[PDB]
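J.: Below you will find the structure I want to go over with you.
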Amino acid sequence: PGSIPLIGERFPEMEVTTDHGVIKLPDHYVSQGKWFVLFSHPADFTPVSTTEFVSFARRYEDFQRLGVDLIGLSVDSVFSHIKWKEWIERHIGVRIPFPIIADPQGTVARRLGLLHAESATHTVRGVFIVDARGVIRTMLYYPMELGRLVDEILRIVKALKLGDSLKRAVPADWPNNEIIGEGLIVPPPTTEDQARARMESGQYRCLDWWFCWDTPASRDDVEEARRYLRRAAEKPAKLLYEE
Amino acid sequence: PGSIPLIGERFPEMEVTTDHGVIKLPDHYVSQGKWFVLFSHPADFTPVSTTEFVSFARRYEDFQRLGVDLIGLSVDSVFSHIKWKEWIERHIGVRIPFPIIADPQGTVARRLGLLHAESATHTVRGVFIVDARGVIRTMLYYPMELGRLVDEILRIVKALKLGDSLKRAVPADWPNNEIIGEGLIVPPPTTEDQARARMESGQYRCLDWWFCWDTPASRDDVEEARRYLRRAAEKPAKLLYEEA
Amino acid sequence: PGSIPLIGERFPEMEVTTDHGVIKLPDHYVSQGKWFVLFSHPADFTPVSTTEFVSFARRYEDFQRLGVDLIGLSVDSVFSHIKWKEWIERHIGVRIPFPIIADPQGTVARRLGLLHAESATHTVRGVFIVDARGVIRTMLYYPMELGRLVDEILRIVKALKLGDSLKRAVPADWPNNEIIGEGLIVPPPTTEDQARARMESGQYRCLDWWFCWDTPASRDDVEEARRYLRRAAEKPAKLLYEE
Amino acid sequence: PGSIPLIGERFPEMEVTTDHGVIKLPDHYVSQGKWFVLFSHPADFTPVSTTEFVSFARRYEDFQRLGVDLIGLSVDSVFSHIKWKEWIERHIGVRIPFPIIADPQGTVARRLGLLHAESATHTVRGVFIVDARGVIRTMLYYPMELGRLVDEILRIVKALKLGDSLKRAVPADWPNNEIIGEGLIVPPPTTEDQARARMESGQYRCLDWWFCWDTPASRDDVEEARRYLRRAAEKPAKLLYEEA
Amino acid sequence: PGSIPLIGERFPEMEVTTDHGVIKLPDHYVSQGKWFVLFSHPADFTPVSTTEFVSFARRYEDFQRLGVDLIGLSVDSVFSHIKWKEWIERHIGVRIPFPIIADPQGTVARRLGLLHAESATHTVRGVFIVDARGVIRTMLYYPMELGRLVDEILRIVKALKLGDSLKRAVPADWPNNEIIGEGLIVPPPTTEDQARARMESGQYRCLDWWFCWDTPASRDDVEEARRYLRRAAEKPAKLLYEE
Amino acid sequence: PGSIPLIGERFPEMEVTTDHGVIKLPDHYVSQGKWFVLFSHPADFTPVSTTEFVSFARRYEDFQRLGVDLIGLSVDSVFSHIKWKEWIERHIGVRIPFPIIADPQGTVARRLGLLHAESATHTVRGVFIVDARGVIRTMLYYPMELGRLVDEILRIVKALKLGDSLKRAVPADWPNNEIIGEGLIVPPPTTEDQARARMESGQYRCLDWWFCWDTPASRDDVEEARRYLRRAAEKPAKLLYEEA
Amino acid sequence: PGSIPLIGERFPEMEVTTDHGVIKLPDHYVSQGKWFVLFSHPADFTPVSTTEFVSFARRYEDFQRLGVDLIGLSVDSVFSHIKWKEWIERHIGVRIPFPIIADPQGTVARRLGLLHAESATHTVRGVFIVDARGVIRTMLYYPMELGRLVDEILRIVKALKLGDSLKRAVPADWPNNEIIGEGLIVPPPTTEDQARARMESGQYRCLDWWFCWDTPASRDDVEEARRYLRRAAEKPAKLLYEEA
Amino acid sequence: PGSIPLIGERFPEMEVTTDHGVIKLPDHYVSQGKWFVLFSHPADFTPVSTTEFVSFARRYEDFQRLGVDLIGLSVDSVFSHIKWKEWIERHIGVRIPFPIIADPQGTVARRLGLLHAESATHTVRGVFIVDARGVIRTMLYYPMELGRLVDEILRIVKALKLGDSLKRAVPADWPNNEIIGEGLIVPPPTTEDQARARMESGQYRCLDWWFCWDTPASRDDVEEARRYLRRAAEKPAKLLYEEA
Ligand SMILES: [O-][O-]
Ligand SMILES: [O-][O-]
């Protein structure tokens, strides 16, 4: 039994303490016309969490390019956050450029339903994808033992942004959908007159009045989405621990 | 906001109606010693949902090899479910093998918290990964407008099973983690004594006492997990609409 | 054990989604001066329901002739409603001209008390006859296993309209009542004063001061009603099954 | 602002005072293995109600032919019921053979959701069809100003009894349905396997797997039900008011 | 137990349906400067009730001269009331001139505490005497099996009016009280100074400072009151039955 | 408004203090198979009250002959009750033989609803006729300014016991009813059969099936009742204030 | 607004996670017949908190001799606790030998009222002294900006112990009280007979019947107590930062 | 447990009765720009309490030098307060200069939660340090059997005042800290940028970015603070009881 915010709702208003200072969410990013990915982890100085922060750091530029910032969250204090970041930079050679929220009393975790049955003291690995209007668009709740696949989070925001501007719905596994590949779906008619006209228009390739699509996405947009997936599928040429 | 089940909790007992008959959850699958992925979609005869079922359908064999079952869910009735399936087999050429739950009154939906602000009438694209003990292991909530990445659902299950059998935690992006590649993490010590013991054992490659790992996964484990991502990243050979 | 709206009550104001679009009840029909028959059925792609829709469809011009609209309702989505109508037109050779409300979550079903002990998920075969003032005039509840007799619904709107227009009550089995045939009943006196005055005027055929009647209904109105019943008793010469 | 018992629920157990005496519902009828139709009317000594009582009385044997009893209801006392019955027999020539419940204070009325917005003091023209198990099978609510069509009430209990005994659903306007005439409908498949089996058996005429029917009703069952409708459609040969 | 209005309270304001039409109580009578007696009976077409109605009807002229109206009440409909009045006028030869409230549902009965332990469906034989100010002056509650003595009701009203106009209290059995006969009582002093003054005045015949009286009621008034009682005591010369 | 026990209920069980001693109602009278009239009056040493007590005392023999005990009630103490009783025996020459409840604080008055608007401090002139079973049979509420007619209270008791013994209803103005004189009414049939059986037997005189009566009461019983009415109507030959 | 446990009450029973593992309080110390001092600090890697742990650590053997154990507490996790302790040992050259409760979510902090208006997320510098019976004996609440005087905590436990065994009360500034020196107070008389007895006995030096005392403490006890204070007064000869 | 005021919160506003008159807290001291130490004790004419008052009196000048006032508190009346003071002055020879609040009924006692489990009638030995803004800075709760170390209350106040003036945090045991002696700690950075800016300033002496300090306190400040501790560890030259 847990209470989580919902897709479609504005991200709960709240002032938080990060290792970059105090900021108000989602105001802080909305004001910059930025989307933001809020993600949490159990505790500082933990292995899986470290691999995740490093993964986010390496992909940071990719997020910035999409006008998407990142912000972390754990039940630890800001001193530990900073110490942990120093450890990471010193031993892994990677600098974490984004802020981490320090939520000592679980206030934030509770408002976001990040505390599950696994642990009553530490948050699981949740992910909130909020858009430039401060509206929650997607929620993922990974557990303590499983690290996230950061490239899917990039594919999600990218797909969301494309769907938003092109006024299209996105098929499964896009841009590599088995049925229409990189095609994007035209929102289904909701009335008999609409369906009738959708077919009469014959302006799109259709499988039925309720299944039409086209290919309005830029070739660069597609290639970029494909880049995320190929990076996820590729075994790294050099492993960081080797230094 | 809304209420949802939680990771670590046993799937909420319930009797549900599907196009394959009435079944109790999670007993139906727990009793078979099988994990099950419960996913929902807004409604039958909708585009994104269609592509997602086809995707699950084609990867159905991959879920079987892992001992995992699929079960869908939407507010539509069984008659619509069955007709929609017939439309897909006839027009796309793909037979949907797994059952779909009919939840006309949102009963199940409310229990699993699948009804968000994006519509008080239809469910979002939720995903519940439940292990063979009926325990919720992972939850994903996608919106109406974005289709899911089924191969990632496959990676989640395989990794979770690996972690269970090897007593290891799985690093970000496994089996292609930028730091330790395909290695698996050893649960960190939680006391000073355990911390000292770990270090003085020299039993693992370690970056610090709280970060040790090895590579206990078999080549098969690693390669199958990787195959999932490779497929997701691969540009389709031939599209299914072309001869539909 | 199920609260419902009542005869004499204004129809529960509500905005509903139908396969013809979104409309507000009862306003949509009131602003047109139309009576409307809202009826429900358990689910799309079900036998009995299909026959009832075909039957309503065939009697459509009859309702339209009277100034009465039709509007169905079930828990299925608009997508299923449209596919179901397509199947009907293709296989029965009959097009469904009226809209069908999509009520997943059964919000409308609840307000109208359409969910009974039989099923907790699908509505029974309910019928609400509402007039051009948006007032509920009659309600009928048929079970899943029994298809309605559409011609009786035509008799009802026909009779109620006449009564309102002629300011008369309609006897049982009209227009073939065993006692006064196609006669119509004059509303009974409510005071001794009135009773004496009516029996005094000798203005109507009367059995007692509380039972007077005349025959104000035009020949055409009487015949239209008789036609409804005659159709209900006539065995079809050709079954659509064979089309 | 209204509340009523529901189809599928057992008729609310209650002891009622009628002009034939006090009886226990629905037990009185259930113990005889008889179905019963309970209907109410506004008040005694009112025109429409009189024509209706005469209509039921003239068809009383038809209900007895179906093992169905009748019992009326109004907020009037037993004394009025009896006096009113005296008037009908004396002035119209028909003896009301069934009992009427006297519900002053609207106790029964309220329990059956019979008091509507139209009138706060008098019940509307409600109709409850209850089977030999004491279960409500159908409910109809007619207004003060419109008299019921008794023959349809006959078609209903007749069709319900057949659907029950033959395990079939009754199509619209039966036995004169415009699609399968007097054919009775086979309960539709709820699962895919059932659907496929239903189609391969070829033991029924079908438009689709969810729409199959056959003609199991006897010719007598069919003509009798059609007779009810034929009767409702016939203009009287002799108006009772004449030799009244 | 139950709840009834109280002596001294205003008759509970209400609109009522009678067989003479709708009327508001007590306003309808207050406005005419008339007192009114409201009495109930269990049901129409019942023996005792019928005898009481014939008795009221016989004394109608007596109440009328006193400026008192009559109105009955039962849970039967207005239709039963008219038929019941017709039965009495035809089979007894007496016409009931006053209205009868039709109270199905027992709405009024509850307001006046007329439903007792005897019957939960029918009203007992209650009697409410209301003056011109619309004030309840006396309440009687007779059982089902016991008809009322209408003459005592007239005595009550007569005495009550005299007391009001004469500023006097009425002794027991007036006008035939065993101590002062037809004399009326002077309201007793309530302070020591009054008890003394009343005594030092010698203006009234007194047994004590608190028991003084005189004879202010005219012969006519006294005679009318005795008339009421004489009639109650007299054995009927002819019986309406034999006629 | 106010709460009051009802006709048909058993008199509210209570222990009361009287100027004759403490007693329990209605047990004190029930146990000795006696009926009892409980009447109240505002306060001791008040004129109208004094006249009613004298009136009651004068009729004590008649009430006793019917097996009816009397008992008064006011909010004064037992000390005033006795002084007032002494004043009456001395200045009126009449001795009050029945007990009087002393209800300071109005506890008993509240239970019987004797405190109306007129006075929140003193009780009105209530009357409670209670039978040998402890059941309330009639209730009269007279105001402060109007003394009761004690002879009608006698007629009521008399009519009641008679109705109870002969199993008959008592018409208005009995025993001088205008329609049936000293006749007593036979409880009306409540069912169609009963109604016909009553008519078929023609064993009673009847105006209709619901109005039958006979003359079962003895001459002595009838004459006693008329005696009460004759006294209420007779002008006093000797006024007690003079004989004083 | 805040609620804290109280002197005289038993330390709230609870299971806590420390960097030494899980232990039950106060049972874990009670079962050993030991007294324990629970103290908290805002967060790991903070300056004053570090100077404090180093101070407790230098005095560890002293608490040891008294049969007193130490246990710290902050809202940080065990990983930070262990990392922080390594930092101290590495840079100050001092090893912290006692456990630190890791109270994320502040469950423990809330039951002990350790969260004040200063910070809603971090605890102040509280100290709970609990005896071998598990009863809270003293509570000190220092702020974020003020480090504690650890020697006074030792003076408190020592004083309490002598008080308990010698059945005496401890004067202000003991063992250097301006009035009676190292003397201990004899619990005063609570009754007049006691006061008089106490006085005519003359066994104690008294200023009045309510102020008597003696010198029951041994020189070692007094010496030990004075040692705590001398150290508190003395300025370290060697500052640990010099060779850090 | 129980409820108490919290550090950070403004002292509960109230009007209290002292043996010096009626004053409002904390307004009376705030308005003078003074801090005040509120301490309580169980009852007047009790040994330990007496030693404590004597201790505070002797140090009254030291508190005054710092601009800090003293005010006591107990459930006794003002009369006992004054009689008790007269006793101490004539028998011990020490005048108590500060006021004492008289709280019979324990009103103030509850507001400050000074009633613990041992006694439900007398306050325990509490201490509240309040600054010139009326804010609570520190709270100490000593038991009945243990007298306070007044010199530590002095060290707490002066340190707290230094910290505010110098914008510094005070290390454990200051001015005799084992790590930095009489140096004061600079408030730690709370952001990555502040952290790097501090390390790049070489402005102070640091063990790490979060542990930097300097020695801004004047020698006077340091030695006066050390003097307090030196006095506490010093065996009195002459005991006051010796000439009482
Ligand atoms: O009933 O008209
Ligand atoms: O702790 O500063």
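Naming scheme: A, B, ... for chains in displayed order of the structure tokens; residues 1 onward per chain; ligands 1 onward as shown.
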Excluding residue 81 in chain B and its own-chain neighbours fewer than 5 positions away, which residues fall within 9 Å of it when counting only C-alpha atoms? Please give them as a list in words.
T.: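 What passes the distance filter is residues 18, 19, 44, 45, 74, 76, 86, 100, 101 and 102 of chain B.
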J.: Take the selection from the previous step and output its residues with N, CA and C atoms, as a PDB file, in the first residue's frame.
T.:
```pdb
ATOM      1  N   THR B  18     -10.448 -13.480 -17.839  1.00  0.00           N
ATOM      2  CA  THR B  18      -9.646 -13.277 -19.043  1.00  0.00           C
ATOM      3  C   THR B  18     -10.266 -14.071 -20.191  1.00  0.00           C
ATOM      4  N   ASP B  19      -9.765 -13.861 -21.405  1.00  0.00           N
ATOM      5  CA  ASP B  19     -10.275 -14.580 -22.567  1.00  0.00           C
ATOM      6  C   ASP B  19      -9.866 -16.056 -22.562  1.00  0.00           C
ATOM      7  N   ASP B  44      -9.025  -1.901 -26.407  1.00  0.00           N
ATOM      8  CA  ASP B  44      -8.870  -2.735 -27.585  1.00  0.00           C
ATOM      9  C   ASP B  44      -9.076  -1.915 -28.842  1.00  0.00           C
ATOM     10  N   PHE B  45      -8.539  -2.416 -29.943  1.00  0.00           N
ATOM     11  CA  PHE B  45      -8.659  -1.728 -31.209  1.00  0.00           C
ATOM     12  C   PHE B  45      -8.057  -0.323 -31.194  1.00  0.00           C
ATOM     13  N   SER B  74      -7.136  -4.605 -19.728  1.00  0.00           N
ATOM     14  CA  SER B  74      -7.781  -3.375 -20.204  1.00  0.00           C
ATOM     15  C   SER B  74      -9.232  -3.409 -19.732  1.00  0.00           C
ATOM     16  N   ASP B  76     -11.826  -3.138 -21.436  1.00  0.00           N
ATOM     17  CA  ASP B  76     -12.732  -3.759 -22.394  1.00  0.00           C
ATOM     18  C   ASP B  76     -13.121  -5.179 -21.981  1.00  0.00           C
ATOM     19  N   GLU B  86      -8.559 -11.646 -33.177  1.00  0.00           N
ATOM     20  CA  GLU B  86      -8.837 -12.181 -34.506  1.00  0.00           C
ATOM     21  C   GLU B  86      -8.417 -11.174 -35.563  1.00  0.00           C
ATOM     22  N   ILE B 100      -5.801 -12.082 -21.867  1.00  0.00           N
ATOM     23  CA  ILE B 100      -6.019 -10.682 -21.526  1.00  0.00           C
ATOM     24  C   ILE B 100      -7.182 -10.591 -20.548  1.00  0.00           C
ATOM     25  N   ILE B 101      -6.981  -9.830 -19.480  1.00  0.00           N
ATOM     26  CA  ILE B 101      -7.984  -9.634 -18.451  1.00  0.00           C
ATOM     27  C   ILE B 101      -8.971  -8.556 -18.857  1.00  0.00           C
ATOM     28  N   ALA B 102     -10.255  -8.815 -18.615  1.00  0.00           N
ATOM     29  CA  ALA B 102     -11.322  -7.867 -18.914  1.00  0.00           C
ATOM     30  C   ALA B 102     -11.688  -7.222 -17.583  1.00  0.00           C
TER      31      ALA B 102
END
```
J.: Could you give me, as a tab-separated table, a per-residue list for chain B showing, wherever an atom lies at most 8 Å from an atom of chain D, the closest pair of atoms and their distance in Å to one decimal, using only C-alpha atoms and sorting by chain then residue number from low to high?
T.:
```
residue	atom	partner	partner_atom	distance
B:18	CA	D:191	CA	7.6
B:19	CA	D:191	CA	4.6
B:20	CA	D:191	CA	4.9
B:21	CA	D:191	CA	5.7
B:78	CA	D:190	CA	6.8
B:79	CA	D:190	CA	7.3
B:82	CA	D:192	CA	6.6
```
J.: List as JSON, numbers by chain the protein and nucleic acid residues lying within 12 Å of ligand 1, with only C-alpha atoms and all ligand atoms counted.
T.: {"C": [168, 169, 170, 171, 172, 184, 185, 186, 187, 188, 189, 190, 210, 211, 212, 213], "D": [40, 41, 42, 43, 44, 45, 46, 47, 48, 49, 50, 51, 52, 53, 74, 122, 123, 124, 125, 142, 143, 144, 145, 146, 147, 148], "E": [79]}
J.: Of the residues C:130, C:38, C:139, C:120, which is the one nearest to chain B, using only C-alpha atoms?
T.: C:120
J.: So that each row is one residue of range 110-162 of chain D with an atom at most 12 Å from range 232-241 of chain C, can you give its shortest atom pair and the distance in Å to one decimal, using only C-alpha atoms, rows by chain and rising number, as a Markdown table?
T.:
```
| residue | atom | partner | partner_atom | distance |
| --- | --- | --- | --- | --- |
| D:151 | CA | C:233 | CA | 11.0 |
| D:152 | CA | C:232 | CA | 10.3 |
| D:155 | CA | C:233 | CA | 11.2 |
```
J.: When the cut-off is 7 Å and we count only C-alpha atoms, which residues of chain E are near chain D, given as an MDAnalysis selection string?
T.: chainID E and resid 45 75:77 79:80 104:106 121
J.: With N, CA, C and O atoms retained, export the selected residues as a PDB file, in the first residue's frame.
T.:
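So result-v3.pdb came out as:
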```pdb
ATOM      1  N   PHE E  45     -64.771   3.533   5.564  1.00  0.00           N
ATOM      2  CA  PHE E  45     -65.515   2.292   5.492  1.00  0.00           C
ATOM      3  C   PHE E  45     -65.294   1.425   6.728  1.00  0.00           C
ATOM      4  O   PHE E  45     -65.095   0.215   6.625  1.00  0.00           O
ATOM      5  N   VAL E  75     -55.629   7.918   6.769  1.00  0.00           N
ATOM      6  CA  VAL E  75     -54.606   7.615   5.779  1.00  0.00           C
ATOM      7  C   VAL E  75     -55.153   7.183   4.411  1.00  0.00           C
ATOM      8  O   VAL E  75     -54.379   6.799   3.539  1.00  0.00           O
ATOM      9  N   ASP E  76     -56.469   7.253   4.214  1.00  0.00           N
ATOM     10  CA  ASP E  76     -57.058   6.872   2.916  1.00  0.00           C
ATOM     11  C   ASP E  76     -56.940   7.998   1.882  1.00  0.00           C
ATOM     12  O   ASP E  76     -56.693   9.154   2.232  1.00  0.00           O
ATOM     13  N   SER E  77     -57.141   7.662   0.614  1.00  0.00           N
ATOM     14  CA  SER E  77     -57.052   8.648  -0.465  1.00  0.00           C
ATOM     15  C   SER E  77     -58.319   9.494  -0.548  1.00  0.00           C
ATOM     16  O   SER E  77     -59.335   9.150   0.056  1.00  0.00           O
ATOM     17  N   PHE E  79     -60.129   9.774  -3.063  1.00  0.00           N
ATOM     18  CA  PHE E  79     -61.103   9.001  -3.826  1.00  0.00           C
ATOM     19  C   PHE E  79     -61.921   8.120  -2.897  1.00  0.00           C
ATOM     20  O   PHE E  79     -63.123   7.962  -3.087  1.00  0.00           O
ATOM     21  N   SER E  80     -61.282   7.551  -1.884  1.00  0.00           N
ATOM     22  CA  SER E  80     -62.015   6.708  -0.947  1.00  0.00           C
ATOM     23  C   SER E  80     -62.927   7.583  -0.098  1.00  0.00           C
ATOM     24  O   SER E  80     -64.045   7.190   0.212  1.00  0.00           O
ATOM     25  N   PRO E 104     -52.085   9.746   2.921  1.00  0.00           N
ATOM     26  CA  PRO E 104     -51.399   8.469   2.694  1.00  0.00           C
ATOM     27  C   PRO E 104     -49.938   8.701   3.086  1.00  0.00           C
ATOM     28  O   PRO E 104     -49.460   9.835   3.016  1.00  0.00           O
ATOM     29  N   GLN E 105     -49.242   7.649   3.503  1.00  0.00           N
ATOM     30  CA  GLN E 105     -47.835   7.755   3.922  1.00  0.00           C
ATOM     31  C   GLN E 105     -47.739   8.190   5.379  1.00  0.00           C
ATOM     32  O   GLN E 105     -46.681   8.075   6.002  1.00  0.00           O
ATOM     33  N   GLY E 106     -48.848   8.699   5.907  1.00  0.00           N
ATOM     34  CA  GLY E 106     -48.900   9.137   7.290  1.00  0.00           C
ATOM     35  C   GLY E 106     -48.053  10.350   7.617  1.00  0.00           C
ATOM     36  O   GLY E 106     -47.607  10.505   8.756  1.00  0.00           O
ATOM     37  N   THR E 121     -50.025   1.351  11.082  1.00  0.00           N
ATOM     38  CA  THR E 121     -50.484   1.769   9.767  1.00  0.00           C
ATOM     39  C   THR E 121     -51.649   2.754   9.804  1.00  0.00           C
ATOM     40  O   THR E 121     -51.785   3.596   8.919  1.00  0.00           O
TER      41      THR E 121
END
```
J.: Find the residues near residue 2 in chain E: any atom within 8 Å, counting only C-alpha atoms, skip ones fewer than 3 places away on the same chain, and give them as an mmCIF file with C-alpha atoms, in the first residue's frame.
T.:
```cif
data_model
loop_
_atom_site.group_PDB
_atom_site.id
_atom_site.type_symbol
_atom_site.label_atom_id
_atom_site.label_comp_id
_atom_site.auth_asym_id
_atom_site.auth_seq_id
_atom_site.Cartn_x
_atom_site.Cartn_y
_atom_site.Cartn_z
ATOM 1 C CA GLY E 113 -48.321 12.036 16.983
ATOM 2 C CA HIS E 116 -49.671 4.822 18.376
ATOM 3 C CA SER F 3 -42.503 12.872 23.734
ATOM 4 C CA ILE F 4 -45.401 10.954 25.288
ATOM 5 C CA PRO F 5 -46.075 7.303 25.989
ATOM 6 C CA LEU F 6 -48.539 5.908 23.444
#
```
J.: What lies within 12 Å of residue 56 in chain G using only C-alpha atoms, ignoring chain neighbours under 4 positions off, as JSON, numbers by chain?
T.: {"G": [37, 38, 39, 49, 50, 51, 52, 60, 61, 62, 63, 64, 68, 69, 70, 71, 72, 94, 95, 96, 97, 98, 99, 147, 148, 149, 150, 151, 152, 153, 154], "H": [172, 173, 177, 178]}
